[PDB]
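Written out below as structure tokens is the structure these notes cover.
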Amino acid sequence: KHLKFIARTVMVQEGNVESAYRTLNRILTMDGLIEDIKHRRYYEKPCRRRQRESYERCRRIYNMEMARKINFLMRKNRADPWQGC
Amino acid sequence: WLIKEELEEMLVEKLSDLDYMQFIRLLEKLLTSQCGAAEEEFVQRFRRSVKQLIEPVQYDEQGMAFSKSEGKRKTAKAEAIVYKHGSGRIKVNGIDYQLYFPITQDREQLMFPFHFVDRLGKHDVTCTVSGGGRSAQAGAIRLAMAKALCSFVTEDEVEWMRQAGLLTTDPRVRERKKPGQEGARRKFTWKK
């Protein structure tokens, strides 16, 4: 019931149709539409969905914490200033 | 750099590989730091050092100037006398070389030293060889002739001959047969 050729529409730039398609695919991936399309092929039971969401939240939090720890400790990775001691 | 064993002997202690590597890296940093003589001697305390002698020319009763040397190959020992001036004549055990060495390969081996330094026909050679076979005798005579001819070529030619292998004594000798096997390395047929 909406107007056509406004949503999920990418204009090709100088005929690089491959590049335009890759840009549209990246947009869909970033907006999560691909995830929804593929996960709605089969019904995920609510308990399974809750378990998956909890696991994803835990994994994201753990990855962020590990990345922050690595970035914080990267400063120590300089050359040894007290070589021989 | 001295090896870990040398460092342990110097310091009368026992050191691990990582400790030795740490000390070596520290010494390298000391060397690369434009260290003075006071530290260069310190480095040389831990430094360990890593040419062929030539026989002198002699004179005979006939008045010719000559040099004499010797060599060996496998179980053959040869002694060669090369005169400073000659006409390419080589006599082995009093026999001309083309008669004592009917095999062309042995004659090529004899030619190799003089040809390498471009001195074919410029010397006369008398060789006495004993033991081994034809090829072992040829190799021993070749080595002896090269060693004797070192007394007449320049030092640069001596180094070139050494780099060409004309002066290294071939250590390859027959390996002893061991019990329980057919030959030096040939095991018996492994039954099943």
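All residue names refer to the structure tokens as shown: chains lettered A, B, ... in order, residues numbered from 1 in each chain, ligands numbered from 1 in order.
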
Per-residue DSSP, chain B, filtered to strand (DSSP E or B), as a VMD selection string: chain B and resid 58 to 59 65 to 73 76 to 83 90 to 92 95 to 96 125 to 130 181 187

Given the selection you just returned, output its residues as a file containing N, CA, C and O atoms, formatted as a short mmCIF file (atom, residue, chain, number, x, y, z; two decimals), in the first residue's frame.
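Heads up, here's the output in result_38.cif:
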data_model
loop_
_atom_site.label_atom_id
_atom_site.label_comp_id
_atom_site.auth_asym_id
_atom_site.auth_seq_id
_atom_site.Cartn_x
_atom_site.Cartn_y
_atom_site.Cartn_z
N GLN B 58 112.95 -25.91 -4.23
CA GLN B 58 114.22 -26.58 -3.96
C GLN B 58 115.01 -26.73 -5.25
O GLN B 58 114.50 -26.52 -6.36
N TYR B 59 116.28 -27.11 -5.10
CA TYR B 59 117.18 -27.28 -6.23
C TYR B 59 117.81 -28.66 -6.16
O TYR B 59 118.10 -29.18 -5.08
N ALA B 65 115.20 -26.03 -10.88
CA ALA B 65 114.44 -25.53 -9.74
C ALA B 65 113.12 -26.28 -9.68
O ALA B 65 112.42 -26.38 -10.69
N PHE B 66 112.78 -26.79 -8.50
CA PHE B 66 111.63 -27.67 -8.39
C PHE B 66 110.98 -27.52 -7.02
O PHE B 66 111.56 -26.96 -6.09
N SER B 67 109.76 -28.03 -6.92
CA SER B 67 109.05 -28.17 -5.67
C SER B 67 108.53 -29.60 -5.57
O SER B 67 108.35 -30.28 -6.58
N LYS B 68 108.31 -30.05 -4.34
CA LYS B 68 107.85 -31.41 -4.10
C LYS B 68 106.72 -31.39 -3.08
O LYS B 68 106.78 -30.65 -2.09
N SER B 69 105.70 -32.20 -3.32
CA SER B 69 104.59 -32.33 -2.39
C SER B 69 104.05 -33.75 -2.46
O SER B 69 104.59 -34.61 -3.16
N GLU B 70 102.97 -33.99 -1.72
CA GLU B 70 102.39 -35.32 -1.65
C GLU B 70 100.89 -35.20 -1.41
O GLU B 70 100.39 -34.17 -0.97
N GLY B 71 100.19 -36.29 -1.72
CA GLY B 71 98.75 -36.35 -1.52
C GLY B 71 98.31 -37.79 -1.40
O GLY B 71 99.08 -38.73 -1.61
N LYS B 72 97.04 -37.96 -1.04
CA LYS B 72 96.47 -39.29 -0.91
C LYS B 72 95.00 -39.25 -1.30
O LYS B 72 94.34 -38.22 -1.21
N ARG B 73 94.51 -40.41 -1.73
CA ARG B 73 93.11 -40.56 -2.13
C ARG B 73 92.73 -42.02 -1.91
O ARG B 73 93.40 -42.91 -2.45
N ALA B 76 95.39 -44.89 -1.79
CA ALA B 76 96.52 -44.60 -2.66
C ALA B 76 97.26 -43.37 -2.15
O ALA B 76 96.63 -42.37 -1.79
N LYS B 77 98.59 -43.45 -2.11
CA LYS B 77 99.43 -42.33 -1.70
C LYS B 77 100.39 -42.00 -2.83
O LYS B 77 101.03 -42.91 -3.38
N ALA B 78 100.51 -40.72 -3.17
CA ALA B 78 101.37 -40.28 -4.25
C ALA B 78 102.25 -39.13 -3.78
O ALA B 78 101.85 -38.32 -2.95
N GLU B 79 103.46 -39.09 -4.33
CA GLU B 79 104.40 -38.00 -4.11
C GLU B 79 104.81 -37.44 -5.46
O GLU B 79 105.24 -38.18 -6.34
N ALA B 80 104.67 -36.13 -5.62
CA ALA B 80 104.90 -35.47 -6.90
C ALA B 80 106.02 -34.45 -6.77
O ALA B 80 106.18 -33.79 -5.74
N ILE B 81 106.81 -34.34 -7.84
CA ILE B 81 107.87 -33.35 -7.96
C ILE B 81 107.62 -32.58 -9.25
O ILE B 81 107.60 -33.18 -10.34
N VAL B 82 107.41 -31.28 -9.14
CA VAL B 82 107.10 -30.42 -10.28
C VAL B 82 108.24 -29.42 -10.43
O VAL B 82 108.57 -28.69 -9.49
N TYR B 83 108.84 -29.39 -11.62
CA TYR B 83 109.92 -28.47 -11.92
C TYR B 83 109.36 -27.13 -12.39
O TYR B 83 108.31 -27.07 -13.02
N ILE B 90 104.99 -35.71 -17.92
CA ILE B 90 104.65 -36.29 -16.63
C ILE B 90 105.01 -37.76 -16.67
O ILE B 90 104.55 -38.50 -17.55
N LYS B 91 105.84 -38.19 -15.73
CA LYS B 91 106.28 -39.58 -15.64
C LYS B 91 105.87 -40.13 -14.29
O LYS B 91 106.31 -39.62 -13.25
N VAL B 92 105.05 -41.17 -14.30
CA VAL B 92 104.56 -41.81 -13.08
C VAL B 92 105.31 -43.12 -12.89
O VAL B 92 105.27 -44.00 -13.76
N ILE B 95 107.30 -44.19 -15.65
CA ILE B 95 106.56 -44.51 -16.86
C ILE B 95 105.80 -43.27 -17.30
O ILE B 95 105.24 -42.54 -16.47
N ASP B 96 105.78 -43.03 -18.61
CA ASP B 96 105.05 -41.89 -19.15
C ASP B 96 103.57 -42.02 -18.83
O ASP B 96 103.01 -43.12 -18.81
N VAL B 125 106.83 -33.10 -14.51
CA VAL B 125 106.34 -33.71 -13.28
C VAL B 125 106.83 -35.15 -13.21
O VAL B 125 106.75 -35.89 -14.19
N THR B 126 107.34 -35.53 -12.04
CA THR B 126 107.70 -36.91 -11.74
C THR B 126 106.94 -37.34 -10.50
O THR B 126 107.06 -36.73 -9.44
N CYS B 127 106.15 -38.40 -10.64
CA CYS B 127 105.26 -38.85 -9.57
C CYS B 127 105.54 -40.31 -9.23
O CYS B 127 105.81 -41.13 -10.11
N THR B 128 105.49 -40.61 -7.93
CA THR B 128 105.57 -41.98 -7.43
C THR B 128 104.31 -42.25 -6.62
O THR B 128 104.09 -41.61 -5.59
N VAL B 129 103.50 -43.19 -7.08
CA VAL B 129 102.21 -43.48 -6.47
C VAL B 129 102.16 -44.96 -6.11
O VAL B 129 102.68 -45.81 -6.85
N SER B 130 101.55 -45.27 -4.97
CA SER B 130 101.44 -46.64 -4.50
C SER B 130 100.10 -46.86 -3.82
O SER B 130 99.63 -45.99 -3.08
N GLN B 181 74.46 -56.98 8.59
CA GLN B 181 74.01 -56.36 7.36
C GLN B 181 74.98 -56.72 6.24
O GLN B 181 76.14 -57.05 6.48
N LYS B 187 71.30 -53.45 4.40
CA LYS B 187 70.77 -54.41 5.35
C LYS B 187 70.41 -55.72 4.64
O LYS B 187 70.25 -55.76 3.42
#

Set out as JSON lines a contact list for chain B and chain A with a cut-off of 12 Å, giving each residue of chain B that qualifies its closest atom pair and distance in Å to one decimal, counting only C-alpha atoms, ordered by chain and rising residue number.
{"residue": "B:19", "atom": "CA", "partner": "A:84", "partner_atom": "CA", "distance": 10.1}
{"residue": "B:20", "atom": "CA", "partner": "A:84", "partner_atom": "CA", "distance": 11.6}
{"residue": "B:21", "atom": "CA", "partner": "A:84", "partner_atom": "CA", "distance": 10.9}
{"residue": "B:22", "atom": "CA", "partner": "A:84", "partner_atom": "CA", "distance": 7.2}
{"residue": "B:23", "atom": "CA", "partner": "A:84", "partner_atom": "CA", "distance": 7.6}
{"residue": "B:24", "atom": "CA", "partner": "A:84", "partner_atom": "CA", "distance": 10.3}
{"residue": "B:25", "atom": "CA", "partner": "A:84", "partner_atom": "CA", "distance": 8.8}
{"residue": "B:26", "atom": "CA", "partner": "A:84", "partner_atom": "CA", "distance": 6.4}
{"residue": "B:27", "atom": "CA", "partner": "A:84", "partner_atom": "CA", "distance": 9.8}
{"residue": "B:28", "atom": "CA", "partner": "A:84", "partner_atom": "CA", "distance": 11.7}
{"residue": "B:29", "atom": "CA", "partner": "A:83", "partner_atom": "CA", "distance": 9.4}
{"residue": "B:30", "atom": "CA", "partner": "A:84", "partner_atom": "CA", "distance": 11.0}

Write out as a PDB file with N, CA and C atoms, in the first residue's frame all residues of segment 26-78 of chain A that backbone DSSP assigns to alpha helix (DSSP H).
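So result_30.pdb came out as:
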ATOM      1  N   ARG A  26      24.629  -4.673   1.401  1.00  0.00           N
ATOM      2  CA  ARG A  26      25.196  -4.178   2.651  1.00  0.00           C
ATOM      3  C   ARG A  26      24.157  -3.416   3.460  1.00  0.00           C
ATOM      4  N   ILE A  27      23.328  -2.614   2.791  1.00  0.00           N
ATOM      5  CA  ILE A  27      22.273  -1.883   3.489  1.00  0.00           C
ATOM      6  C   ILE A  27      21.306  -2.853   4.153  1.00  0.00           C
ATOM      7  N   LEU A  28      20.888  -3.883   3.415  1.00  0.00           N
ATOM      8  CA  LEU A  28      19.963  -4.865   3.974  1.00  0.00           C
ATOM      9  C   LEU A  28      20.587  -5.598   5.154  1.00  0.00           C
ATOM     10  N   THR A  29      21.870  -5.954   5.044  1.00  0.00           N
ATOM     11  CA  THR A  29      22.549  -6.624   6.147  1.00  0.00           C
ATOM     12  C   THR A  29      22.637  -5.724   7.374  1.00  0.00           C
ATOM     13  N   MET A  30      22.988  -4.452   7.174  1.00  0.00           N
ATOM     14  CA  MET A  30      23.117  -3.532   8.299  1.00  0.00           C
ATOM     15  C   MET A  30      21.773  -3.291   8.972  1.00  0.00           C
ATOM     16  N   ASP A  31      20.698  -3.231   8.192  1.00  0.00           N
ATOM     17  CA  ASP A  31      19.371  -3.042   8.763  1.00  0.00           C
ATOM     18  C   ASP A  31      18.775  -4.329   9.317  1.00  0.00           C
ATOM     19  N   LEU A  33      17.567  -6.898   7.709  1.00  0.00           N
ATOM     20  CA  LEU A  33      16.498  -7.499   6.920  1.00  0.00           C
ATOM     21  C   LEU A  33      16.869  -8.900   6.453  1.00  0.00           C
ATOM     22  N   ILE A  34      18.137  -9.116   6.097  1.00  0.00           N
ATOM     23  CA  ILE A  34      18.569 -10.440   5.657  1.00  0.00           C
ATOM     24  C   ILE A  34      18.414 -11.452   6.784  1.00  0.00           C
ATOM     25  N   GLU A  35      18.790 -11.058   8.004  1.00  0.00           N
ATOM     26  CA  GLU A  35      18.636 -11.939   9.157  1.00  0.00           C
ATOM     27  C   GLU A  35      17.181 -12.348   9.336  1.00  0.00           C
ATOM     28  N   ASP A  36      16.267 -11.378   9.270  1.00  0.00           N
ATOM     29  CA  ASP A  36      14.849 -11.683   9.427  1.00  0.00           C
ATOM     30  C   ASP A  36      14.351 -12.584   8.306  1.00  0.00           C
ATOM     31  N   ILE A  37      14.755 -12.299   7.066  1.00  0.00           N
ATOM     32  CA  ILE A  37      14.288 -13.088   5.929  1.00  0.00           C
ATOM     33  C   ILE A  37      14.710 -14.540   6.085  1.00  0.00           C
ATOM     34  N   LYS A  38      15.969 -14.765   6.463  1.00  0.00           N
ATOM     35  CA  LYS A  38      16.448 -16.138   6.566  1.00  0.00           C
ATOM     36  C   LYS A  38      15.943 -16.840   7.819  1.00  0.00           C
ATOM     37  N   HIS A  39      15.742 -16.112   8.919  1.00  0.00           N
ATOM     38  CA  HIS A  39      15.245 -16.738  10.136  1.00  0.00           C
ATOM     39  C   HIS A  39      13.744 -16.984  10.101  1.00  0.00           C
ATOM     40  N   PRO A  46       9.727 -20.156  20.662  1.00  0.00           N
ATOM     41  CA  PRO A  46      10.054 -19.027  21.550  1.00  0.00           C
ATOM     42  C   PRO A  46      11.155 -19.323  22.551  1.00  0.00           C
ATOM     43  N   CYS A  47      11.202 -20.539  23.101  1.00  0.00           N
ATOM     44  CA  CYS A  47      12.288 -20.884  24.013  1.00  0.00           C
ATOM     45  C   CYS A  47      13.632 -20.856  23.298  1.00  0.00           C
ATOM     46  N   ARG A  48      13.686 -21.410  22.084  1.00  0.00           N
ATOM     47  CA  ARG A  48      14.918 -21.374  21.307  1.00  0.00           C
ATOM     48  C   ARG A  48      15.308 -19.943  20.967  1.00  0.00           C
ATOM     49  N   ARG A  49      14.328 -19.110  20.613  1.00  0.00           N
ATOM     50  CA  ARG A  49      14.622 -17.715  20.305  1.00  0.00           C
ATOM     51  C   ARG A  49      15.172 -16.985  21.523  1.00  0.00           C
ATOM     52  N   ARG A  50      14.582 -17.219  22.696  1.00  0.00           N
ATOM     53  CA  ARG A  50      15.075 -16.578  23.911  1.00  0.00           C
ATOM     54  C   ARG A  50      16.486 -17.040  24.244  1.00  0.00           C
ATOM     55  N   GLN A  51      16.750 -18.343  24.114  1.00  0.00           N
ATOM     56  CA  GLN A  51      18.096 -18.846  24.366  1.00  0.00           C
ATOM     57  C   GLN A  51      19.100 -18.230  23.403  1.00  0.00           C
ATOM     58  N   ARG A  52      18.738 -18.143  22.120  1.00  0.00           N
ATOM     59  CA  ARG A  52      19.634 -17.558  21.131  1.00  0.00           C
ATOM     60  C   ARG A  52      19.893 -16.086  21.419  1.00  0.00           C
ATOM     61  N   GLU A  53      18.851 -15.339  21.790  1.00  0.00           N
ATOM     62  CA  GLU A  53      19.030 -13.922  22.087  1.00  0.00           C
ATOM     63  C   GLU A  53      19.903 -13.718  23.319  1.00  0.00           C
ATOM     64  N   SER A  54      19.693 -14.525  24.362  1.00  0.00           N
ATOM     65  CA  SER A  54      20.537 -14.425  25.548  1.00  0.00           C
ATOM     66  C   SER A  54      21.986 -14.759  25.219  1.00  0.00           C
ATOM     67  N   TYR A  55      22.202 -15.809  24.420  1.00  0.00           N
ATOM     68  CA  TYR A  55      23.558 -16.169  24.025  1.00  0.00           C
ATOM     69  C   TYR A  55      24.203 -15.062  23.205  1.00  0.00           C
ATOM     70  N   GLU A  56      23.441 -14.443  22.301  1.00  0.00           N
ATOM     71  CA  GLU A  56      23.982 -13.357  21.493  1.00  0.00           C
ATOM     72  C   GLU A  56      24.348 -12.156  22.353  1.00  0.00           C
ATOM     73  N   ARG A  57      23.498 -11.809  23.321  1.00  0.00           N
ATOM     74  CA  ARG A  57      23.819 -10.702  24.217  1.00  0.00           C
ATOM     75  C   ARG A  57      25.073 -11.000  25.027  1.00  0.00           C
ATOM     76  N   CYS A  58      25.174 -12.218  25.568  1.00  0.00           N
ATOM     77  CA  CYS A  58      26.354 -12.587  26.341  1.00  0.00           C
ATOM     78  C   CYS A  58      27.609 -12.558  25.479  1.00  0.00           C
ATOM     79  N   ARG A  59      27.519 -13.072  24.251  1.00  0.00           N
ATOM     80  CA  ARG A  59      28.674 -13.088  23.363  1.00  0.00           C
ATOM     81  C   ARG A  59      29.097 -11.679  22.978  1.00  0.00           C
ATOM     82  N   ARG A  60      28.134 -10.798  22.698  1.00  0.00           N
ATOM     83  CA  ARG A  60      28.474  -9.418  22.370  1.00  0.00           C
ATOM     84  C   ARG A  60      29.139  -8.720  23.549  1.00  0.00           C
ATOM     85  N   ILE A  61      28.601  -8.909  24.756  1.00  0.00           N
ATOM     86  CA  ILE A  61      29.193  -8.280  25.933  1.00  0.00           C
ATOM     87  C   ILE A  61      30.603  -8.805  26.167  1.00  0.00           C
ATOM     88  N   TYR A  62      30.787 -10.123  26.052  1.00  0.00           N
ATOM     89  CA  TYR A  62      32.105 -10.712  26.262  1.00  0.00           C
ATOM     90  C   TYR A  62      33.100 -10.242  25.209  1.00  0.00           C
ATOM     91  N   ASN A  63      32.670 -10.156  23.949  1.00  0.00           N
ATOM     92  CA  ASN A  63      33.559  -9.685  22.895  1.00  0.00           C
ATOM     93  C   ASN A  63      33.947  -8.230  23.113  1.00  0.00           C
ATOM     94  N   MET A  64      32.988  -7.392  23.513  1.00  0.00           N
ATOM     95  CA  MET A  64      33.308  -5.996  23.791  1.00  0.00           C
ATOM     96  C   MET A  64      34.284  -5.876  24.952  1.00  0.00           C
ATOM     97  N   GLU A  65      34.072  -6.658  26.014  1.00  0.00           N
ATOM     98  CA  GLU A  65      34.979  -6.611  27.157  1.00  0.00           C
ATOM     99  C   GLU A  65      36.376  -7.084  26.774  1.00  0.00           C
ATOM    100  N   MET A  66      36.465  -8.167  26.001  1.00  0.00           N
ATOM    101  CA  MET A  66      37.765  -8.670  25.570  1.00  0.00           C
ATOM    102  C   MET A  66      38.478  -7.662  24.680  1.00  0.00           C
ATOM    103  N   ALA A  67      37.746  -7.034  23.757  1.00  0.00           N
ATOM    104  CA  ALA A  67      38.349  -6.028  22.891  1.00  0.00           C
ATOM    105  C   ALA A  67      38.841  -4.835  23.697  1.00  0.00           C
ATOM    106  N   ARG A  68      38.049  -4.386  24.673  1.00  0.00           N
ATOM    107  CA  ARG A  68      38.476  -3.274  25.515  1.00  0.00           C
ATOM    108  C   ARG A  68      39.716  -3.638  26.318  1.00  0.00           C
ATOM    109  N   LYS A  69      39.760  -4.859  26.857  1.00  0.00           N
ATOM    110  CA  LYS A  69      40.930  -5.300  27.610  1.00  0.00           C
ATOM    111  C   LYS A  69      42.168  -5.351  26.725  1.00  0.00           C
ATOM    112  N   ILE A  70      42.027  -5.886  25.511  1.00  0.00           N
ATOM    113  CA  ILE A  70      43.159  -5.964  24.592  1.00  0.00           C
ATOM    114  C   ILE A  70      43.642  -4.569  24.219  1.00  0.00           C
ATOM    115  N   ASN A  71      42.711  -3.656  23.934  1.00  0.00           N
ATOM    116  CA  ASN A  71      43.097  -2.292  23.590  1.00  0.00           C
ATOM    117  C   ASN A  71      43.796  -1.605  24.755  1.00  0.00           C
ATOM    118  N   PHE A  72      43.297  -1.811  25.974  1.00  0.00           N
ATOM    119  CA  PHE A  72      43.911  -1.193  27.144  1.00  0.00           C
ATOM    120  C   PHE A  72      45.314  -1.734  27.385  1.00  0.00           C
ATOM    121  N   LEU A  73      45.508  -3.044  27.216  1.00  0.00           N
ATOM    122  CA  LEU A  73      46.818  -3.641  27.444  1.00  0.00           C
ATOM    123  C   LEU A  73      47.765  -3.488  26.261  1.00  0.00           C
TER     124      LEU A  73
END

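Here atom CA of residue 168 of chain B is placed at a distance of 11.1 Å from atom CA of residue 140 of chain B.
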
Contact residues around residue 8 of chain B with only C-alpha atoms at 12 Å, ignoring same-chain residues under 5 positions, as a ChimeraX atom specification: /B:2-3,13-17,19-20,23,46

Selection: 9 Å around segment 155-161 of chain B, only C-alpha atoms, excl. self and same-chain fewer than 3 positions, as a PyMOL selection string: chain B and resi 51-52+113+116-117+146+149-151+164-167

Since we have the selection now, will you write its residues out, keeping C-alpha atoms, as a compact mmCIF listing (two decimals), in the first residue's frame?
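Contents of selection_26.txt, as written:
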# COMPACT_ATOMS: atom_id res chain seq x y z
CA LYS B 51 95.10 -20.32 4.32
CA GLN B 52 97.04 -23.21 2.79
CA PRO B 113 95.35 -28.81 -12.13
CA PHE B 116 92.97 -24.70 -14.33
CA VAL B 117 95.87 -22.27 -13.81
CA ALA B 146 98.28 -29.25 -7.35
CA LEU B 149 102.33 -26.40 -8.24
CA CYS B 150 101.05 -24.06 -5.52
CA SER B 151 104.73 -23.15 -5.04
CA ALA B 164 88.11 -25.27 -7.14
CA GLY B 165 88.78 -28.21 -4.80
CA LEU B 166 92.23 -29.01 -6.22
CA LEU B 167 93.81 -28.77 -2.76

Gap from atom CA of residue 171 of chain B to atom CA of residue 145 of chain B - Å, one decimal: 17.9 Å
